[PDB]
Amino acid sequence: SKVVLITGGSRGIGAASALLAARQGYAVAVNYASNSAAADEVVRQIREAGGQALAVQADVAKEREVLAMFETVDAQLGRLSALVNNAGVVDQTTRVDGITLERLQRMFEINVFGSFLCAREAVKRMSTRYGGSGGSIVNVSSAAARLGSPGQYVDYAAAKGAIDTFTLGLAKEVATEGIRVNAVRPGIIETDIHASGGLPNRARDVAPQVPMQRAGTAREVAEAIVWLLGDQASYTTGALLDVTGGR
Amino acid sequence: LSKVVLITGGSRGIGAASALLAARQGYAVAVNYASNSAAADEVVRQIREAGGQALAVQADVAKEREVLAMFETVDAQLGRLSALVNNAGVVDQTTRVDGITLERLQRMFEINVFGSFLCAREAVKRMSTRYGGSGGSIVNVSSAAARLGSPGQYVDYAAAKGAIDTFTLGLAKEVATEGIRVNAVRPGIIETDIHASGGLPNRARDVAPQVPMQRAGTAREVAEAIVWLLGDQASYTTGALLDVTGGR
Amino acid sequence: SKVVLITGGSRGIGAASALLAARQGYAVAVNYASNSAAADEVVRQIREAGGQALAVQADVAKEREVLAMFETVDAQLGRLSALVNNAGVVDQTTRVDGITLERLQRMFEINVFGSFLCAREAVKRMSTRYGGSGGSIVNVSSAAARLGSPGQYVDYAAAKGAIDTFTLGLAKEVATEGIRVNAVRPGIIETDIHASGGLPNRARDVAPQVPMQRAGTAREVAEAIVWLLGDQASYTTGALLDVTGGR
Amino acid sequence: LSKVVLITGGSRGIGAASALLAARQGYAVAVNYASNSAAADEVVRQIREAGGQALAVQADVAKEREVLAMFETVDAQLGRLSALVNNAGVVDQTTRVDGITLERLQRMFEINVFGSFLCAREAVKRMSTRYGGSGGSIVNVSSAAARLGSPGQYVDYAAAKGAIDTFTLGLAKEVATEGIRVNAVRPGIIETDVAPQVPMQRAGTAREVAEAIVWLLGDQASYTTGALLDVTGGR
Ligand SMILES: NC(=O)c1ccc[n+]([C@@H]2O[C@H](COP(=O)([O-])OP(=O)(O)OC[C@H]3O[C@@H](n4cnc5c(N)ncnc54)[C@H](OP(=O)(O)O)[C@@H]3O)[C@@H](O)[C@H]2O)c1
Ligand SMILES: NC(=O)c1ccc[n+]([C@@H]2O[C@H](COP(=O)([O-])OP(=O)(O)OC[C@H]3O[C@@H](n4cnc5c(N)ncnc54)[C@H](OP(=O)(O)O)[C@@H]3O)[C@@H](O)[C@H]2O)c1
Ligand SMILES: NC(=O)c1ccc[n+]([C@@H]2O[C@H](COP(=O)([O-])OP(=O)(O)OC[C@H]3O[C@@H](n4cnc5c(N)ncnc54)[C@H](OP(=O)(O)O)[C@@H]3O)[C@@H](O)[C@H]2O)c1
Ligand SMILES: NC(=O)c1ccc[n+]([C@@H]2O[C@H](COP(=O)([O-])OP(=O)(O)OC[C@H]3O[C@@H](n4cnc5c(N)ncnc54)[C@H](OP(=O)(O)O)[C@@H]3O)[C@@H](O)[C@H]2O)c1
């Protein structure tokens with residue numbers, strides 16, 4: 001049974017990915033930062049449908065917690081075949097001229113540094129250079145990497161631009177080691193994330209901006225993530241897959 | 001009966017692999033070819049022997065009356081299409097820009113670009129919910145060359161593929177309210193006959209060391225990306241450019 | 001006195017580039033397709049300001065006319081140092097489902113083929129492989145190459161996408177031969193082109209969509225063209241320089 | 001009188017070349033440095049000896065209080081800035097991702113990314129017409145790495161520069177009505193020989209990058225905002 005670790009697996013895109021991955025036969029490590037109840041609910045659904053899963057707490061911005069999380073996965077599920085770097089946050093609407101260092105630090109440490117750290121630990125386990133059997137990593141970026149989120153969260157957009165470049169660089173770096181590395185760029189998706197930044201109606205309000213005239217679902221994003229993870233995408237690496245309704 | 005897919009240049013290579021895979025997924029397949037009827041017939045035979053439905057349809061996609069007749073044949077014999085794969089395409093001999101003739105350019109663009117526009121036109125007319133269709137999906141076959149430029153080899157080909165990338169984005173945005181998705185795959189160096197057709201039969205092997213994954217791709221690997229994009233799992237994906245390149 | 005050939009130099013961006021190039025010390029060949037009066041007026045203005053210039057007729061889609069034009073430039077001005085591939089057209093507003101082959105043929109033969117043909121002739125003269133002293137080529141692309149002109153002229157956008165990739169390919173191809181090749185991507189510019197496609201108010205109507213909230217001037221595009229041509233851009237080749245007000 | 005430009009990391013390399021060129025164009029130049037006061041003083045000496053105005057200003061751009069103090073110094077001694085070049089930046093030793101530490105990442109991003117955000121914040125506050133300013137221009141210094149990814153060398157650096165590209169675009173669009181333009185230059189391999197991985201077969205010079213920076217800063221680039229200008233020899 002291949003093992004997949006999903007950071008921020010407890011809600012939204014991460015939860016939809018967890019559920020779909022399990023339907024495809026992965027054992028799933030569902031990471032959460034504090035919402036144990038949500039993570040337990042994803043695990044419950046997986047198990048009730050006949051799959052294997054484990055909820056694992058860690059703040060991906062904390063190196064010791066990332067290490068412990070991977071050790072737990074090693075011990076309880078086995079060596080991972082797949083990693084989804086989904087953990088990520090927005091913040092309140094801001095202009096750059098209102099940005100604090102503390103805001104930037106948080107934005108980048110979760111969205112960017114967490115993805116580097118989880119990828120480090122994944123590569124160490126996966127790479128054929130270390131006797132691993134290879135694997136697949138999907139980073140969750142955003143259309144914002146291309147659009148810049150002006151007047152909303154240019155910092156978030158920049159963090160996602162870092163993720164796009166990271167994706168390409170890491171892909172090239174491990175391409176001989178049996179590892180593929182890709183990113184999905186979701187557009188406006190129906191999740192709690194918009195409410196977390198003070199804009200609970202954002203999916204509805206911005207739908208007229210999207211060429212397809214609706215927000216996307218978490219499940220739609222999960223489909224792209226799980227495709228990239230799997231063997232049907234065996235010559236795809238360094239790809240940036242837009243899931244945006246045309247945005 | 002089931003959903004219908006028209007695959008231009010379906011007789012060989014990436015097109016043929018896509019035709020076989022699409023049929024496995026339940027599509028009825030129109031396998032277009034320009035001249036190699038035997039190859040097309042063989043793809044059709046394989047599909048039918050596995051219980052699928054397929055028809056071989058001759059057309060040079062650079063010829064308007066032939067594109068129209070091809071769509072009319074599909075309409076009559078298979079039904080209203082749900083999907084189009086604009087795969088037909090060609091390379092030409094190694095050249096620098098300073099050696100390019102107008103005749104070469106005309107050929108390169110009329111097959112690789114004009115053909116894809118004409119076929120998309122006819123597909124949209126049938127698929128669009130504005131015209132009483134039920135929507136559909138179009139996949140254009142681009143290339144990594146669209147990003148890289150094929151210097152000293154075929155900058156004209158690469159430019160034709162750059163046009164396809166932009167056409168993909170423009171058309172996707174234009175028909176997004178009409179139940180149609182439009183996406184492109186960008187293959188890298190793939191094991192097909194195309195390299196031999198331009199005088200470089202060993203190109204897949206020779207260029208493999210340049211690819212981060214250190215091998216050429218297979219037509220089946222490109223077909224997988226094509227068929228994924230065509231299907232309902234890619235339901236919020238439109239205007240995407242999906243690299244199938246081993247990192248190149 | 002370095003010699004520059006400007007395709008479609010009689011009006012709009014081409015004319016602005018011609019006037020600016022002359023101010024910088026180029027002798028200018030002002031190409032036109034049929035508006036001899038406009039070309040003669042640009043030449044008159046150049047000469048009045050102390051520069052050298054010649055009007056030269058040619059439809060860039062016609063190989064024989066491109067050859068005759070370069071031969072005239074050779075004879076009357078001397079061997080070119082610089083080429084601006086500016087000649088270009090739009091057409092009426094259309095959807096793809098309304099596009100005819102005849103429209104496509106025109107769009108591409110002027111916007112794409114003409115650029116390749118003029119580049120071919122320029123390279124034959126400029127390349128150090130053939131005993132030339134190098135040179136610089138600027139192609140005029142568009143923001144449409146990135147945005148796609150949906151519901152307006154996807155065919156035009158696609159032609160400009162071809163130009164972007166042509167720019168990169170050709171730049172890489174001739175990089176050791178003393179030749180730089182770059183592209184400017186203008187946004188919405190105040191010229192006659194919008195009227196030629198049946199939308200005379202387009203610069204004004206689309207301005208609210210542009211982040212800077214106005215259309216650009218032909219002079220603003222000419223500044224970028226002439227910078228890329230000259231020696232201050234000596235390490236810049238294969239670049240796509242957006243002149244779009246943020247669009 | 002003279003427009004004022006603040007150049008972060010102005011004491012050496014691209015920043016120093018930009019300082020010298022900007023002065024030749026008539027800017028008064030604030031030359032920022034983190035610790036190499038001697039180099040910064042030398043740039044200032046050259047500017048002044050050629051008849052320009054300049055001031056060396058110490059600040060670690062990753063430190064908010066130091067960024068604030070620096071802008072306050074420029075306000076007091078040179079006047080309200082018209083231009084900002086976010087050039088301060090570092091690489092680190094060659095590494096794979098599987099060898100990257102959090103401490104490395106923290107440094108890489110705080111200097112290359114957070115410093116650029118903080119300096120742009122303070123610049124926008126002074127420049128924006130919405131606060132009574134007269135507008136201005138910001139050039140960020142990115143890298144070809146933003147597109148290429150620096151595999152097996154420094155993916156972290158490449159990622160930081162990718163952040164700068166998106167920041168550029170986002171900020172440009174955010175302040176476009178406020179008289180502010182925001183652009184980036186993406187240098188390739190720049191010398192401190194044949195350079196075989198560059199199409200042009202040589203490294204670029206700091207002066208070549210400075211030329212592009214100063215062009216973008218000036219009024220000839222008046223409809224250019226959100227652009228990414230490659231100075232890479234085709235890389
Ligand atoms: N419109 C969209 O939704 C949209 C668009 C573009 C990109 N994205 C990206 O999609 C990804 C998922 O977003 P979503 O909308 O599904 O978000 P969501 O509904 O807010 O779910 C967030 C998930 O991330 C977890 N998380 C947050 N900070 C963490 C940390 N420091 N360490 C570990 N886990 C952490 C949360 O854990 P708890 O449950 O424990 O809180 C939760 O499981 C994110 O990377 C986001 O940037 C979303
Ligand atoms: N490395 C690669 O192979 C590679 C990489 C990037 C992109 N691509 C692109 O992928 C697509 C498929 O290439 P491939 O390598 O599979 O090529 P191929 O093996 O050379 O097959 C070409 C197919 O296109 C058809 N065709 C050629 N001209 C046509 C026309 N005017 N009208 C209708 N059909 C026509 C052929 O019909 P006949 O059978 O009748 O000859 C054949 O079915 C092309 O668009 C190509 O540019 C390929
Ligand atoms: N908003 C914009 O204006 C905008 C935006 C993006 C890109 N562009 C691009 O910028 C370039 C200039 O456009 P514009 O707005 O300056 O155009 P314009 O004002 O319509 O000027 C057209 C110029 O091109 C010439 N021309 C047309 N067809 C030609 C042919 N077949 N051979 C040679 N010359 C020909 C005209 O010659 P005659 O005078 O003899 O007619 C005239 O000199 C084009 O490539 C256009 O696509 C414009
Ligand atoms: N091949 C290339 O050079 C190349 C390629 C791509 C991008 N770039 C980019 O070009 C820019 C300039 O690089 P360079 O090679 O010209 O740099 P350099 O020669 O290494 O000089 C670096 C400058 O940045 C300053 N600096 C470093 N850390 C700082 C901090 N925390 N706060 C404030 N200032 C700081 C230094 O101050 P001190 O003098 O006091 O130490 C110095 O003035 C950078 O953003 C770099 O990433 C260069």
# chains A, B, ... in the order shown; residues from 1 in each chain; ligands from 1
>>> residues_near_ligand(ligand="ligand 3", cutoff="7 Å", atoms="only C-alpha atoms and all ligand atoms", output="JSON, numbers by chain")
{"C": [7, 8, 9, 10, 11, 12, 13, 14, 31, 32, 33, 34, 35, 36, 38, 39, 58, 59, 60, 61, 86, 87, 88, 89, 90, 110, 111, 140, 141, 142, 143, 185, 186, 187, 188, 189, 190, 191, 192, 193, 194, 196, 218]}
>>> residues_around(residues="stretch 219-231 of chain D", least_positions_apart="4", cutoff="6 Å", atoms="only C-alpha atoms", output="short mmCIF file (atom, residue, chain, number, x, y, z; two decimals) with N, CA, C and O atoms, in the first residue's frame")
data_model
loop_
_atom_site.label_atom_id
_atom_site.label_comp_id
_atom_site.auth_asym_id
_atom_site.auth_seq_id
_atom_site.Cartn_x
_atom_site.Cartn_y
_atom_site.Cartn_z
N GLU C 223 10.09 54.26 -27.24
CA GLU C 223 11.20 54.33 -26.26
C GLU C 223 11.75 52.95 -25.94
O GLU C 223 12.94 52.74 -25.85
N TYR C 235 23.47 43.18 -23.14
CA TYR C 235 23.34 41.81 -22.63
C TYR C 235 21.93 41.29 -22.61
O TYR C 235 21.65 40.30 -21.95
N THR C 236 21.06 41.96 -23.36
CA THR C 236 19.69 41.62 -23.40
C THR C 236 19.38 41.03 -24.73
O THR C 236 19.43 41.69 -25.79
N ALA C 239 14.55 38.71 -24.77
CA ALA C 239 13.71 39.33 -23.74
C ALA C 239 12.38 39.72 -24.37
O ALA C 239 12.30 40.00 -25.57
N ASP C 242 7.36 44.13 -21.59
CA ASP C 242 5.94 44.54 -21.57
C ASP C 242 5.84 46.04 -21.42
O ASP C 242 6.53 46.58 -20.57
N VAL C 243 5.06 46.67 -22.29
CA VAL C 243 4.83 48.13 -22.26
C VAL C 243 3.32 48.33 -22.27
O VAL C 243 2.71 48.55 -23.30
N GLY C 245 1.16 49.35 -19.24
CA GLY C 245 0.48 49.97 -18.11
C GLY C 245 0.06 48.98 -17.03
O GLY C 245 -0.79 49.29 -16.24
N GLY C 246 0.69 47.77 -17.03
CA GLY C 246 0.34 46.77 -16.04
C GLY C 246 -0.59 45.65 -16.57
O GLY C 246 -0.83 44.69 -15.88
N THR D 168 6.62 41.76 -7.76
CA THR D 168 6.76 42.83 -8.72
C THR D 168 5.43 43.07 -9.42
O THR D 168 4.94 44.23 -9.52
N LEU D 169 4.86 42.01 -9.94
CA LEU D 169 3.61 42.07 -10.70
C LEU D 169 2.47 42.55 -9.83
O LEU D 169 1.69 43.44 -10.21
N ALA D 172 3.02 46.21 -8.58
CA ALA D 172 2.75 47.10 -9.75
C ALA D 172 1.28 47.33 -9.96
O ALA D 172 0.82 48.46 -10.17
N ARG D 181 5.52 53.16 -10.54
CA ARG D 181 5.77 51.99 -11.42
C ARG D 181 6.67 51.05 -10.68
O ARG D 181 7.53 51.52 -9.88
N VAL D 182 6.48 49.75 -10.92
CA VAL D 182 7.24 48.71 -10.22
C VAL D 182 7.62 47.65 -11.22
O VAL D 182 6.74 47.13 -11.90
N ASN D 183 8.92 47.43 -11.41
CA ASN D 183 9.46 46.51 -12.41
C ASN D 183 10.61 45.74 -11.83
O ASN D 183 11.09 46.07 -10.75
N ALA D 184 11.00 44.68 -12.53
CA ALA D 184 12.15 43.92 -12.08
C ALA D 184 13.10 43.73 -13.23
O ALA D 184 12.70 43.51 -14.38
N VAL D 185 14.38 43.67 -12.89
CA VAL D 185 15.39 43.14 -13.81
C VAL D 185 15.81 41.74 -13.38
O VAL D 185 15.87 41.42 -12.17
N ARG D 186 16.04 40.87 -14.35
CA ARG D 186 16.44 39.48 -14.05
C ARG D 186 17.84 39.30 -14.62
O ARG D 186 17.99 38.94 -15.80
N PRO D 187 18.88 39.53 -13.83
CA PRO D 187 20.18 39.27 -14.36
C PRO D 187 20.47 37.77 -14.48
O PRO D 187 19.96 36.98 -13.72
#
>>> interface_residues(of="chain D", to="chain B", cutoff="12 Å", atoms="only C-alpha atoms", output="list in words")
residues 147, 148, 149, 151, 152, 199, 234 and 235 of chain D
>>> closest_atom_pairs(of="chain A", to="chain D", cutoff="9 Å", atoms="only C-alpha atoms", output="JSON lines")
{"residue": "A:61", "atom": "CA", "partner": "D:102", "partner_atom": "CA", "distance": 8.6}
{"residue": "A:62", "atom": "CA", "partner": "D:102", "partner_atom": "CA", "distance": 8.6}
{"residue": "A:63", "atom": "CA", "partner": "D:102", "partner_atom": "CA", "distance": 7.0}
{"residue": "A:95", "atom": "CA", "partner": "D:174", "partner_atom": "CA", "distance": 7.4}
{"residue": "A:96", "atom": "CA", "partner": "D:121", "partner_atom": "CA", "distance": 5.8}
{"residue": "A:97", "atom": "CA", "partner": "D:121", "partner_atom": "CA", "distance": 4.3}
{"residue": "A:98", "atom": "CA", "partner": "D:121", "partner_atom": "CA", "distance": 7.2}
{"residue": "A:99", "atom": "CA", "partner": "D:121", "partner_atom": "CA", "distance": 7.2}
{"residue": "A:100", "atom": "CA", "partner": "D:118", "partner_atom": "CA", "distance": 7.8}
{"residue": "A:101", "atom": "CA", "partner": "D:64", "partner_atom": "CA", "distance": 7.0}
{"residue": "A:104", "atom": "CA", "partner": "D:114", "partner_atom": "CA", "distance": 6.9}
{"residue": "A:105", "atom": "CA", "partner": "D:114", "partner_atom": "CA", "distance": 8.0}
{"residue": "A:108", "atom": "CA", "partner": "D:109", "partner_atom": "CA", "distance": 8.4}
{"residue": "A:109", "atom": "CA", "partner": "D:106", "partner_atom": "CA", "distance": 8.3}
{"residue": "A:112", "atom": "CA", "partner": "D:159", "partner_atom": "CA", "distance": 8.9}
{"residue": "A:113", "atom": "CA", "partner": "D:105", "partner_atom": "CA", "distance": 6.9}
{"residue": "A:116", "atom": "CA", "partner": "D:97", "partner_atom": "CA", "distance": 7.1}
{"residue": "A:117", "atom": "CA", "partner": "D:102", "partner_atom": "CA", "distance": 7.5}
{"residue": "A:119", "atom": "CA", "partner": "D:98", "partner_atom": "CA", "distance": 7.5}
{"residue": "A:120", "atom": "CA", "partner": "D:98", "partner_atom": "CA", "distance": 4.2}
{"residue": "A:121", "atom": "CA", "partner": "D:98", "partner_atom": "CA", "distance": 6.9}
{"residue": "A:122", "atom": "CA", "partner": "D:98", "partner_atom": "CA", "distance": 8.4}
{"residue": "A:123", "atom": "CA", "partner": "D:98", "partner_atom": "CA", "distance": 6.2}
{"residue": "A:124", "atom": "CA", "partner": "D:98", "partner_atom": "CA", "distance": 6.3}
{"residue": "A:144", "atom": "CA", "partner": "D:166", "partner_atom": "CA", "distance": 8.3}
{"residue": "A:145", "atom": "CA", "partner": "D:166", "partner_atom": "CA", "distance": 6.0}
{"residue": "A:146", "atom": "CA", "partner": "D:166", "partner_atom": "CA", "distance": 6.6}
{"residue": "A:147", "atom": "CA", "partner": "D:170", "partner_atom": "CA", "distance": 6.7}
{"residue": "A:148", "atom": "CA", "partner": "D:170", "partner_atom": "CA", "distance": 3.7}
{"residue": "A:149", "atom": "CA", "partner": "D:170", "partner_atom": "CA", "distance": 5.8}
{"residue": "A:150", "atom": "CA", "partner": "D:174", "partner_atom": "CA", "distance": 4.5}
{"residue": "A:151", "atom": "CA", "partner": "D:174", "partner_atom": "CA", "distance": 5.2}
{"residue": "A:152", "atom": "CA", "partner": "D:174", "partner_atom": "CA", "distance": 8.6}
{"residue": "A:153", "atom": "CA", "partner": "D:170", "partner_atom": "CA", "distance": 8.5}
{"residue": "A:154", "atom": "CA", "partner": "D:170", "partner_atom": "CA", "distance": 5.5}
{"residue": "A:155", "atom": "CA", "partner": "D:167", "partner_atom": "CA", "distance": 7.0}
{"residue": "A:157", "atom": "CA", "partner": "D:166", "partner_atom": "CA", "distance": 6.5}
{"residue": "A:158", "atom": "CA", "partner": "D:163", "partner_atom": "CA", "distance": 4.3}
{"residue": "A:159", "atom": "CA", "partner": "D:163", "partner_atom": "CA", "distance": 5.8}
{"residue": "A:160", "atom": "CA", "partner": "D:163", "partner_atom": "CA", "distance": 7.3}
{"residue": "A:161", "atom": "CA", "partner": "D:163", "partner_atom": "CA", "distance": 4.9}
{"residue": "A:162", "atom": "CA", "partner": "D:159", "partner_atom": "CA", "distance": 4.2}
{"residue": "A:163", "atom": "CA", "partner": "D:159", "partner_atom": "CA", "distance": 6.7}
{"residue": "A:164", "atom": "CA", "partner": "D:162", "partner_atom": "CA", "distance": 7.5}
{"residue": "A:165", "atom": "CA", "partner": "D:159", "partner_atom": "CA", "distance": 5.0}
{"residue": "A:166", "atom": "CA", "partner": "D:159", "partner_atom": "CA", "distance": 5.1}
{"residue": "A:167", "atom": "CA", "partner": "D:149", "partner_atom": "CA", "distance": 8.0}
{"residue": "A:168", "atom": "CA", "partner": "D:149", "partner_atom": "CA", "distance": 5.7}
{"residue": "A:169", "atom": "CA", "partner": "D:149", "partner_atom": "CA", "distance": 3.7}
{"residue": "A:170", "atom": "CA", "partner": "D:151", "partner_atom": "CA", "distance": 6.1}
{"residue": "A:171", "atom": "CA", "partner": "D:151", "partner_atom": "CA", "distance": 8.0}
{"residue": "A:172", "atom": "CA", "partner": "D:151", "partner_atom": "CA", "distance": 5.8}
{"residue": "A:173", "atom": "CA", "partner": "D:151", "partner_atom": "CA", "distance": 4.6}
{"residue": "A:174", "atom": "CA", "partner": "D:151", "partner_atom": "CA", "distance": 8.5}
>>> residues_near_ligand(ligand="ligand 2", cutoff="7 Å", atoms="only C-alpha atoms and all ligand atoms", output="PDB file with C-alpha atoms, in the first residue's frame")
ATOM      1  CA  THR B   8      -6.636  14.622 -35.786  1.00  0.00           C
ATOM      2  CA  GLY B   9      -3.601  12.663 -36.868  1.00  0.00           C
ATOM      3  CA  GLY B  10      -4.929   9.679 -35.013  1.00  0.00           C
ATOM      4  CA  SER B  11      -3.238   7.076 -37.183  1.00  0.00           C
ATOM      5  CA  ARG B  12       0.278   7.062 -35.645  1.00  0.00           C
ATOM      6  CA  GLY B  13       2.311   8.204 -32.659  1.00  0.00           C
ATOM      7  CA  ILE B  14       0.672  10.300 -29.980  1.00  0.00           C
ATOM      8  CA  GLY B  15      -2.608  10.408 -31.869  1.00  0.00           C
ATOM      9  CA  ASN B  32      -8.287  11.175 -38.766  1.00  0.00           C
ATOM     10  CA  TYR B  33      -5.374  10.650 -41.120  1.00  0.00           C
ATOM     11  CA  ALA B  34      -3.916  12.603 -44.001  1.00  0.00           C
ATOM     12  CA  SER B  35      -2.652   9.743 -46.162  1.00  0.00           C
ATOM     13  CA  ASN B  36      -1.763   6.608 -44.175  1.00  0.00           C
ATOM     14  CA  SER B  37      -5.005   4.752 -44.443  1.00  0.00           C
ATOM     15  CA  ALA B  39      -2.191   2.876 -40.135  1.00  0.00           C
ATOM     16  CA  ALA B  40      -5.541   4.418 -39.396  1.00  0.00           C
ATOM     17  CA  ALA B  59      -8.694  14.770 -44.180  1.00  0.00           C
ATOM     18  CA  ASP B  60      -5.798  17.204 -44.615  1.00  0.00           C
ATOM     19  CA  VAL B  61      -6.580  19.631 -41.795  1.00  0.00           C
ATOM     20  CA  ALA B  62      -5.080  22.532 -43.742  1.00  0.00           C
ATOM     21  CA  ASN B  87      -2.876  16.459 -32.677  1.00  0.00           C
ATOM     22  CA  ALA B  88      -2.160  16.564 -36.362  1.00  0.00           C
ATOM     23  CA  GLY B  89       1.211  18.210 -36.844  1.00  0.00           C
ATOM     24  CA  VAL B  90       4.506  18.086 -38.668  1.00  0.00           C
ATOM     25  CA  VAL B  91       8.128  19.126 -38.342  1.00  0.00           C
ATOM     26  CA  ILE B 111      -0.951  22.215 -40.686  1.00  0.00           C
ATOM     27  CA  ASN B 112       0.133  22.994 -37.127  1.00  0.00           C
ATOM     28  CA  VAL B 141      -1.022  19.332 -28.804  1.00  0.00           C
ATOM     29  CA  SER B 142       1.684  21.916 -28.394  1.00  0.00           C
ATOM     30  CA  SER B 143       5.341  21.242 -27.538  1.00  0.00           C
ATOM     31  CA  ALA B 144       8.051  22.223 -25.038  1.00  0.00           C
ATOM     32  CA  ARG B 186       3.235  20.307 -24.228  1.00  0.00           C
ATOM     33  CA  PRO B 187       5.196  17.135 -24.903  1.00  0.00           C
ATOM     34  CA  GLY B 188       8.924  17.072 -24.768  1.00  0.00           C
ATOM     35  CA  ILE B 189      10.985  14.579 -26.752  1.00  0.00           C
ATOM     36  CA  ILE B 190       8.719  11.579 -27.436  1.00  0.00           C
ATOM     37  CA  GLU B 191       9.536   8.216 -29.099  1.00  0.00           C
ATOM     38  CA  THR B 192       7.538   8.588 -32.425  1.00  0.00           C
ATOM     39  CA  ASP B 193       8.273   8.591 -36.206  1.00  0.00           C
ATOM     40  CA  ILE B 194       8.126  12.424 -36.290  1.00  0.00           C
ATOM     41  CA  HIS B 195      11.889  12.864 -35.694  1.00  0.00           C
ATOM     42  CA  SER B 197      10.222  12.468 -40.823  1.00  0.00           C
ATOM     43  CA  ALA B 219       3.297   8.229 -26.825  1.00  0.00           C
TER      44      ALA B 219
END
>>> calpha_fit_rmsd(fixed="chain A", moving="chain C")
0.1 Å
>>> residues_near_ligand(ligand="ligand 4", cutoff="6 Å", atoms="only C-alpha atoms and all ligand atoms", output="PDB file with C-alpha atoms, in the first residue's frame")
ATOM      1  CA  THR D   8      19.844  48.705  -1.189  1.00  0.00           C
ATOM      2  CA  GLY D   9      23.103  46.820  -1.316  1.00  0.00           C
ATOM      3  CA  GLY D  10      24.660  49.740  -3.160  1.00  0.00           C
ATOM      4  CA  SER D  11      28.188  49.192  -1.930  1.00  0.00           C
ATOM      5  CA  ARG D  12      29.366  46.544  -4.433  1.00  0.00           C
ATOM      6  CA  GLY D  13      28.520  44.862  -7.749  1.00  0.00           C
ATOM      7  CA  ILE D  14      25.250  45.651  -9.462  1.00  0.00           C
ATOM      8  CA  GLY D  15      24.220  48.021  -6.681  1.00  0.00           C
ATOM      9  CA  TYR D  33      25.137  48.668   2.982  1.00  0.00           C
ATOM     10  CA  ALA D  34      24.811  46.023   5.660  1.00  0.00           C
ATOM     11  CA  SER D  35      28.411  46.003   7.004  1.00  0.00           C
ATOM     12  CA  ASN D  36      30.997  47.035   4.361  1.00  0.00           C
ATOM     13  CA  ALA D  59      20.902  49.081   7.437  1.00  0.00           C
ATOM     14  CA  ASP D  60      20.216  45.355   7.425  1.00  0.00           C
ATOM     15  CA  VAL D  61      17.104  45.249   5.275  1.00  0.00           C
ATOM     16  CA  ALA D  62      15.835  42.226   7.133  1.00  0.00           C
ATOM     17  CA  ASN D  87      19.198  45.172  -4.923  1.00  0.00           C
ATOM     18  CA  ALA D  88      20.264  43.821  -1.511  1.00  0.00           C
ATOM     19  CA  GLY D  89      20.606  40.093  -1.856  1.00  0.00           C
ATOM     20  CA  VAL D  90      22.692  36.995  -1.247  1.00  0.00           C
ATOM     21  CA  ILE D 111      17.238  39.352   2.906  1.00  0.00           C
ATOM     22  CA  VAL D 141      16.511  42.806  -8.705  1.00  0.00           C
ATOM     23  CA  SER D 142      15.448  39.300  -9.438  1.00  0.00           C
ATOM     24  CA  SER D 143      17.374  36.629 -11.411  1.00  0.00           C
ATOM     25  CA  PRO D 187      20.179  39.266 -14.355  1.00  0.00           C
ATOM     26  CA  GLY D 188      21.863  36.089 -15.548  1.00  0.00           C
ATOM     27  CA  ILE D 189      25.490  35.334 -14.873  1.00  0.00           C
ATOM     28  CA  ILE D 190      27.234  38.578 -14.045  1.00  0.00           C
TER      29      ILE D 190
END
>>> interface_residues(of="chain B", to="chain C", cutoff="6 Å", atoms="only C-alpha atoms", output="PyMOL selection string")
chain B and resi 97-98+121+149-152+155+159-160+162-163+166-167+169-170+173-174
>>> residues_around(residues="residue D:70", least_positions_apart="2", cutoff="8 Å", atoms="only C-alpha atoms", output="JSON, numbers by chain")
{"D": [57, 58, 59, 66, 67, 68, 72, 73, 74]}
>>> select_by_dssp(residues="stretch 78-229 of chain B", states="strand (DSSP E or B)", output="list in words")
residues 83, 84, 85, 86, 136, 137, 138, 139, 140, 141, 180, 181, 182, 183, 184, 185, 186, 187, 190 and 217 of chain B
>>> atom_distance(atom1="atom CA of residue D:116", atom2="atom CA of residue D:179")
19.3 Å
>>> atom_distance(atom1="atom CA of residue C:22", atom2="atom CA of residue C:50")
8.4 Å
>>> select_by_dssp(residues="stretch 19-232 of chain C", states="alpha helix (DSSP H)", output="ChimeraX atom specification")
/C:19-23,36-48,63-76,101-108,114-126,144-147,154-173,193-196,202-206,218-229
>>> residues_around(residues="residue D:205", least_positions_apart="4", cutoff="8 Å", atoms="only C-alpha atoms", output="MDAnalysis selection string")
chainID D and resid 190:192 209
